[PDB]
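Asker: Got an experimental structure here, sequence first:
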Amino acid sequence: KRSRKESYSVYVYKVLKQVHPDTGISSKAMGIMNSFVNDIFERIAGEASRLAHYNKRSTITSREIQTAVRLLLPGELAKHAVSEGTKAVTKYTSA
Amino acid sequence: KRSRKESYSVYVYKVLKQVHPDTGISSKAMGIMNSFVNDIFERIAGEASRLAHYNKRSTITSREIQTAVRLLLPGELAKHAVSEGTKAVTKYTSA
Amino acid sequence: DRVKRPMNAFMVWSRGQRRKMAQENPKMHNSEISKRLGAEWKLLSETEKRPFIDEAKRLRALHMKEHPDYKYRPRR
Amino acid sequence: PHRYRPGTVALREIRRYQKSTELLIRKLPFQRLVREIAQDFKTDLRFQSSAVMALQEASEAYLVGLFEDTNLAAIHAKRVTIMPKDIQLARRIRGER
Amino acid sequence: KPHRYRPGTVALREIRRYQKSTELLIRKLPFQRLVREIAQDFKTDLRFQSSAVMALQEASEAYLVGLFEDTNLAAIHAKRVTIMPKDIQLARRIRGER
Amino acid sequence: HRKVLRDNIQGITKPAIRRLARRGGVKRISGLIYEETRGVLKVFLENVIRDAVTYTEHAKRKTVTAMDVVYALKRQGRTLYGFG
Amino acid sequence: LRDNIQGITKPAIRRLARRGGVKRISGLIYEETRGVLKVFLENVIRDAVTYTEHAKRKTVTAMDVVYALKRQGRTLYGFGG
Amino acid sequence: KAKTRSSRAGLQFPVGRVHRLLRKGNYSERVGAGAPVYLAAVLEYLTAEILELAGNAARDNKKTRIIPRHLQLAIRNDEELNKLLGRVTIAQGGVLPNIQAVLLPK
Amino acid sequence: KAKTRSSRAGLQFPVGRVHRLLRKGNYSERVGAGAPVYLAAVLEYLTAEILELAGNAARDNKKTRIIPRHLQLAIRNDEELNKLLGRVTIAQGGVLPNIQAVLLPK
DNA sequence: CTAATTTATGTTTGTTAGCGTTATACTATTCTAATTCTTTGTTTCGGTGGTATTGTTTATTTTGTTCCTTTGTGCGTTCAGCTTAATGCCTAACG
DNA sequence: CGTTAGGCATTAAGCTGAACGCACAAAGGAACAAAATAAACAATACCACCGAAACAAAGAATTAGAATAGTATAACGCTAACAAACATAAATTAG
């Protein structure tokens, strides 16, 4: 009857069981993954916000997120993330 | 009938004529002062925004601006700016 | 052989004026003469410049006759 | 003949170029370099003249910052000169490698 | 006749075991006392959570370990191994600290 | 519960500085490193603690959480992972 | 008209180092400084290209270079905000 | 029968929570519907890249748990994750074990 | 008769424009009325501190104009303005003229 | 040189300080356990000074090489007003 | 906690005329730049040393841990009342 901490703790474990079924995880490493998810969310959403302001756009669409991903993430991570993202919106729009 | 560049060019000259009546200013130095005013405005408003988010405040009042001034500006600049600011709101509230 | 653009009223007017200033000012830098000619050129009237304008126009039409399919294509 | 001592002309140029605020990179070769590199990322990329002036000014600022750090690292190692290991160290300690 | 190691020989094993191990190398109670000593001068009578002093200790150890890495880079660059305080001041100066 | 503190910079000791140095890869440490490193630590703690104190004093609070220390290290550009 | 990293000439780097307060420059500095300037312009140009490509503009304005330099911690004053 | 937006994209991260954080995070007035799906995609791929290297580090160490020493090892050994997390330090992580070659004896 | 908000505080910077930039800058949903007055105050004091040192530099150089060499001199010579503008470089500004003492002859 | 952009007044509304309560982690105390900091006596090795060789930078002169500042014209790029479909936010309902 | 069906009001794609921006014609030494060279001073190789830091054993003195009680404090919920967004009429100002 405490209020609940809204966090990304379950979904990191879901991804971990998708990618590594045998190894477990600590609690403090789950907190580190929660802080990392929130840090990367702030970076990408801040770049998307300032890009929408620089172009005088009042709407953040997937183009701004794609450009911010190409801005922040270096190397092959950028194009891998863009391919994953476009796969996700094609999945979401095909359904 | 060109659209007009909204900038702080007149008020920097007003402050300059208040503080230094004899010396003139260039145009490119006026552009530098405009860029500096916009840079400091972004710094102070960004710290005020993230402070209002960290305290779950939906309203940025003068307290957040005062705390952000004490955060960014080092040395005696902080307390000088706070004294100037409180002088300004006491002037604005006395009238 | 690349085709050069037609000379404008100022370039034509400078070709002969530029030499006039060099003979009277043969030690003057081209960089400085180019500045005084521009200052003097801005003081000519349209009637006085008209002759220069029409000749450049004629050089442009005659240039177009020699090379009709010529197109100005600047390098970006 | 009376040639100057090695470095005295360098000192006069130090004081002259530090008293000067001019741009030390010619505009046409920097324009050629910028439009030579930027084709590799996208083709048909014209530049405004203010943009290449800004790139030249910022590269000037970044290189004089790199060179004052380089001379700090070189003086630290008891050397008047600059060797490329000083540039390597000044880029490494700044966290750019 | 007891057996003695050489200077530097034990030092490499200590470097290896401290780079492998992930614990904190300064004790929690002097860090609590120093943090409460410093934070008097900004506002007296502050309560420090144990997690706050631990977070300050983590970031403190991280900052000093990075500064000592840069100090070793600068001392190696000047053809030394014994680092010196001028290396610390130099590595702070290049970094944008002062 | 009233108390004033003094001379706590000697509590971070010299064979506890040597371990922080030998984590970073240092093979030999001079004698005069210790007071300079204590001063570096002092000015770093003074900056981050002053930022945390302004953070907790804006919120009308009396204690220092770890979240405000994390925000104070974020404002200096040294982000800490592991506390929320 | 190719190989334009030799457009940044050797006297125009000696002037850049004399502004920085350097008394002597060895001969091996010019190629290293050319590579440093090359990778710096590669970063800033790639960011400005992504900026002007997001806005579907074929040219690179000055504001895009300001915004590309702001994100690396080196803000330009003077070219507008 | 209706299916969740997290598995509409075929993902694990919740689209609704990242949508709510984009709304109440105050980044714009409006936000597009492709934005949280794209952001959950790049987020899920990013922690997949972290956890795969972390699991390979922990299995390489003959351990069965992910302690943050494994996260620090997986981040510092990489090249293009080291540029993403260069300024960030890791709690209880330690350093990447590497000793300069001139300190070592011959 | 009504008097402007910029001179209600007795200032030069417009309170209405900084209020409008705080609104459309998307920093919060609401903004307090003391916020633009405080922000215009600290802004006006800040450019007053810049322009006073710039005028003293230009009068010290026996010039009558403020060129950005004077702004770069006034910013780099200061201590607590150098911490505010340490990362920012200045267009057509040059450097602060200072030469290391070991390069100089005896 | 007159449109436009800040300022004032009343209304709604939604945010926030005041208040109460309580839980909850913080601070202090006193014991043992352990562990590690500081002293003191080896010991050995790296920073620093001093000298000599060398290697390479600088300053200069000669000879190319370019540049620079001026206006009009051509062409490609961007931008702003107007059209118009796209879409995301709000509400009600459901799970 | 998370998702889904219909308005509606805001917003980005579409389109065209218009205005901007840039290259380039001649000029013709000026200003710059590459190249060859004398040599002079700086980097560096090597050597001695000496005092400074590492290593070790002992004990001291400090921290760790734990039970526990008080206890300031912080984090929950009602409530007013206050302050800020919003709709609509001047004015001054300024590019």
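Answerer: Structure received. Residues are numbered from 1 along each chain as shown, chains lettered A, B, ... in the order given.
Asker: Chain B contacts on chain F?
Answerer: F:51, F:54, F:55, F:57, F:58, F:59, F:67, F:71, F:75 (CB under 8 Å from any CB of the partner chain). Where you see a C-beta, it was placed from the backbone N, CA and C, and this is true even at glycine.
Asker: And the second one, which helix or strand is it part of?
Answerer: What it means is residue F:54. Following DSSP states H and E, one finds residue F:54 within helix F:33-58.
Asker: So which residue is smack in the middle of chain A?
Answerer: By CA atoms, centre = their mean, chain A has its centre lying nearest to residue A:41, at 5.8 Å.
Asker: if I read this right, that one contacts residue H:18, doesn't it?
Answerer: Yes. When contacts are counted by CB atoms under 8 Å, residue A:41 is listed as touching residue H:18 (7.1 Å).
Asker: Give me the common contacts of the two.
Answerer: Listed as contacting both residue A:41 and residue H:18 by CB atoms under 8 Å, 6 or more residues apart in numbering or on different chains are H:39, H:43.
Asker: May I ask you to confirm that residue A:13 is in contact with residue A:25?
Answerer: Yes. Contact criterion CB under 8 Å: residue A:13 and residue A:25 qualify, at 6.7 Å.
Asker: Now name the helix or strand holding the residue nearest to the centre of chain A.
Answerer: helix A:28-54.
Asker: Tell me the helices and strands packed up against that helix.
Answerer: helix A:9-19, strand A:59-60, helix A:62-72, strand F:80-81, helix G:30-54, helix H:15-24, helix H:34-60, helix H:68-76 (3 or more CB pairs under 8 Å, 6 or more residues apart in numbering or on different chains; DSSP states H and E).
Asker: Around chain D, which positions in chain C sit nearby?
Answerer: Contact residues (CB under 8 Å from any CB) of chain C with chain D: residue C:76.
Asker: where do the strands sit along chain C?
Answerer: For chain C, no strands are identified by DSSP state E.
Asker: related to what we said a few turns ago, write a ChimeraX command that selects only the buried members of the residues of chain F next to chain B.
Answerer: Buried residues within the residues of chain F next to chain B, by 16 or more other CB atoms under 10 Å in any protein chain shown, are selected in ChimeraX with:
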select /F:51,54,55,57,58,67,71,75
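Asker: near chain D too, which of the residues of chain F next to chain B?
Answerer: Applying CB under 8 Å from any CB to the residues of chain F next to chain B, none is adjacent to chain D.
Asker: just curious, which of the residues of chain F next to chain B is nearest to residue D:29?
Answerer: Proximity of the residues of chain F next to chain B to residue D:29 (CB to CB) peaks at residue F:75, which lies at 41.5 Å.
Asker: which ones are touching residue A:13?
Answerer: Residue A:13 touches A:25, A:30, counting by CB under 8 Å, 6+ apart.
Asker: most centrally placed residue in chain C?
Answerer: residue C:11 (1.1 Å).
Asker: ok, for that residue, nearest residue in space, not its chain neighbours?
Answerer: Leaving out its chain neighbours, the residue that sits closest to residue C:11 by CB to CB, 6 or more residues apart in numbering or on different chains is residue C:56, at 7.8 Å.
Asker: My guess is the one you found contacts residue C:14. True?
Answerer: No. With contact defined as CB under 8 Å, residue C:56 does not reach residue C:14; the gap is 11.4 Å.
Asker: Enumerate every residue touching residue C:63.
Answerer: Counted by CB under 8 Å, 6+ apart, residue C:63 has contacts C:6, C:70.
Asker: Could you measure from it over to chain F?
Answerer: 62 Å (CB to the nearest CB, to the nearest Å).
Asker: now that residue: how far from residue H:15?
Answerer: 65 Å (CB to CB, to the nearest Å).
Asker: Kindly report the same for residue C:25.
Answerer: 77 Å.
Asker: Counting neighbours, go ahead and name the busier of these two.
Answerer: residue H:15 (24 against 12; other CB atoms under 10 Å in any protein chain shown).
Asker: Can you name the residue of chain F nearest chain G?
Answerer: residue F:77 (8.9 Å; CB to the nearest CB).
Asker: Could you do chain C as well?
Answerer: residue C:76 (8.7 Å).
Asker: Nearest residue to the closest residue to chain H within chain F in space, please, no chain neighbours.
Answerer: Nearest to chain H in chain F, going by CB to the nearest CB, is residue F:82, at a distance of 3.2 Å. In space, and not counting its chain neighbours, residue F:82 is closest to residue H:91: 3.2 Å by CB to CB, 6+ apart.
Asker: Now for the one you found: which residues touch it?
Answerer: A:28, A:32, E:55, E:58, F:80, F:81, F:82, F:83, H:68 are the contacts of residue H:91 under CB under 8 Å, 6+ apart.
Asker: Can you give me the distance of the third one to chain I?
Answerer: Using CB to the nearest CB, residue E:55 is found at 25 Å from chain I.
Asker: Check the second one too.
Answerer: For residue A:32, the distance to chain I equals 29 Å [CB to the nearest CB].
Asker: The residue of chain C closest to chain G: how many residues sit nearby?
Answerer: Residue C:76: 10 neighbours (other CB under 10 Å).
Asker: Same question for residue H:44.
Answerer: 25.
Asker: Go ahead and confirm it touches residue H:15.
Answerer: No. Using CB under 8 Å, residue H:44 is not in contact with residue H:15, being 10.7 Å away.
Asker: Return the member of the contacts of residue H:91 nearest to residue I:98.
Answerer: Closest to residue I:98, out of all of the contacts of residue H:91 and judged by CB to CB, is residue F:80, at 36.5 Å.
Asker: Mind listing what's buried along stretch H:40-53?
Answerer: If you call a residue buried by 16+ other CB under 10 Å, then stretch H:40-53 has these buried ones: H:40-51, H:53.
Asker: And for that stretch, what's in contact with it?
Answerer: A:11-12, A:15-16, A:18-20, A:33, A:36-37, A:40-41, A:44, A:65, A:69, A:73, A:77, A:80-81, A:84-85, A:87-89, H:6, H:9, H:11-15, H:18, H:66, H:71, H:74-75, H:77-78, H:81.
Asker: Same check on stretch H:98-106?
Answerer: Under the contact criterion CB under 8 Å, 6+ apart, stretch H:98-106 has outside partners E:8, E:12, E:15, E:16, E:19, E:72, E:76, E:81, F:25, F:27.
Asker: Would you pull up the residue in chain F closest to DNA strand K?
Answerer: Nearest to DNA strand K, among the residues of chain F, is residue F:31, at 2.5 Å (CB to the nearest atom of the strand).
Asker: An error on my part: the question was meant for chain H.
Answerer: Counting by CB to the nearest atom of the strand, chain H gets nearest to DNA strand K through residue H:16 (2.3 Å).
Asker: pretty sure that residue is touching residue H:5, no?
Answerer: Yes. Counting by CB under 8 Å, residue H:16 touches residue H:5, with 6.2 Å between them.
Asker: And those two? Which one has more around it.
Answerer: residue H:5 (19 against 12).
Asker: Got phi/psi on the more buried one?
Answerer: Note on residue H:5: backbone dihedrals following degrees, to the nearest 10 are phi -70, psi -20.
Asker: What separation is there between it and residue A:90?
Answerer: 15 Å.
Asker: Then residue A:24?
Answerer: From residue A:24 to residue A:90 the distance is 34 Å (CB to CB).
Asker: So which of these two has more stuff around it?
Answerer: residue A:24 (14 against 11).
Asker: residues in contact with the nearest residue to that one once chain neighbours are set aside?
Answerer: Counting by CB to CB, 6+ apart, the nearest residue to residue A:24 once its immediate chain neighbours are dropped is residue H:65, at 5.2 Å. Shown in contact with residue H:65 (CB under 8 Å, 6+ apart): A:23, A:24, A:25, A:26, H:58.
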